[PDB]
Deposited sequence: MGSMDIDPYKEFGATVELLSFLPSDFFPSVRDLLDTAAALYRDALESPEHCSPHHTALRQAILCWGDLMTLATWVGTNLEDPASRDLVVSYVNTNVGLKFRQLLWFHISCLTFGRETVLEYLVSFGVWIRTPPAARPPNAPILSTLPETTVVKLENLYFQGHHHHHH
C-alpha cells in the first residue's frame, strides 16, 4: 500500500488527533449540521475556497457513502444488521468525528489555535481530576 496521512498537509498527524480522547469530539450528526450551518454556502460553491474546504467536502461525501452501505446492509437479522451499524459508530465514527472536527475547527478558529488548543487539552484532561485546575 501507500502511507498517506489526512492531517499531514495540514500540519498535524493521526497520532496527534488521537491525543484528544474519543468522548471530546461532537457527534457526526452534530458536526454535519454545524458544517451546513456555518459553511453550506462555500462547501456547495464552485470556488476552491481553501484546502480545508476541499478536504471537508470529501469527508462529508465519504461519510455519505459509508452510511449508504450500513443502510443497504440493514435493508438486506435484527441482532446482526443492528450490530453492523453499531461497528460503524464504534470505529470509523471516531475517525470521522476527528476529521470533520479538525476541519470545521480549523476553518472556524484558525489552524494554529486548533493545534495549541489540542495539546493543552490533552495535557489538561490527563492531569488527574484530583489536582486538575478549573474546567
{"query": "Deposited-sequence segments unaccounted for in the coordinates", "finding": "1-2, 79-80, 140-167"}
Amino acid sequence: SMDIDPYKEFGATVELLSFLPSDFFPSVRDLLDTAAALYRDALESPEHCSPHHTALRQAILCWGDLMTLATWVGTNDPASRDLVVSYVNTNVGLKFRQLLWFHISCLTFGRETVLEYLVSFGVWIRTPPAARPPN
From here on, numbers count along this sequence of modelled residues.
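By rigid core we mean the largest C-alpha set that fits within 1.5 Å across both forms.
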| item | value |
| --- | --- |
| Stretch with greater C-alpha deviation in 7 other deposited structures of this protein, 102-110 versus 86-94 (rigid core superposition) | 86-94 |
| Which of 124-132 and 4-12 lies farther from this form in 7 other deposited structures of this protein, as RMS of C-alpha positions after a rigid core fit | 124-132 |
| Of 35-43 and 88-96, the one with larger mean CA B-factor | 88-96 |
| Stretch with the greater mean C-alpha B-factor as recorded in the entry, comparing 67-75 against 48-56 | 67-75 |
| Third of the chain's Cα B-factor distribution that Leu83 belongs to, per the entry | highest |
| Where the record places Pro128 (Cα B-factor, split into thirds across the chain) | middle |
| Chain third (lowest, middle, highest) by recorded CA B-factor, residue given as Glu15 | highest |
